[PDB]
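Take a look at this single chain, the form deposited in one PDB entry, given in structure tokens.
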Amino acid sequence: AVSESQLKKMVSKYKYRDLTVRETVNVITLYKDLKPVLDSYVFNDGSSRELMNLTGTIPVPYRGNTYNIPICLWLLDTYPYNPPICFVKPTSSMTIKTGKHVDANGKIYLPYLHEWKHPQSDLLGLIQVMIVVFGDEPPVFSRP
């Protein structure tokens, strides 16, 4: 019950709508898998706010097979800086291989993303980085 029409109304509060709606579509439309979501956050029950996110899975060649590495997407109206946040949410069967980018908090803080600044930031690359980092050695593994 959240079509493109309703999406606009949900992302109307955002400042960079044209960039927030184009960045998401570009991905979900290219990776034909990422599903758009809308979750509002609160500051210790002191103040709420509308927030959009993207949850889905991304294939990956490993061990001679095609594994799926689930990952979530976070968005902001402008704060703290501007760039969208990244997070991972694997399944109970999967795990979180601690490393340099895949911390124990399902975070994906990458150097390429840390020092990332538009106009090269379209969200399309934000997903590609993981496709490469996870394409060499997926951390979501579960030690079969």
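In this text, residue numbers run from 1 along the sequence as written.
The same protein also has a form deposited with a partner chain bound, omitted here; what follows describes it.
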Original post:
Closest heavy atom of residue 91 to its partner chain in the bound PDB entry, within 4.5 Å or not?
Top reply: yes
Original post:
If you check in the bound PDB entry, is residue 100 within 4.5 Å of its partner chain, heavy atoms only?
Top reply: no
**OP:** Examine residue 70 and determine whether its closest non-hydrogen atom to its partner chain in the bound PDB entry is within 4.5 angstroms.
**Re:** yes
**OP:** Counting only non-hydrogen atoms, choose the one of 75 to 83, 22 to 30, 108 to 116, 54 to 62 that falls within 4.5 Å of its partner chain in the bound PDB entry.
**Re:** 54 to 62
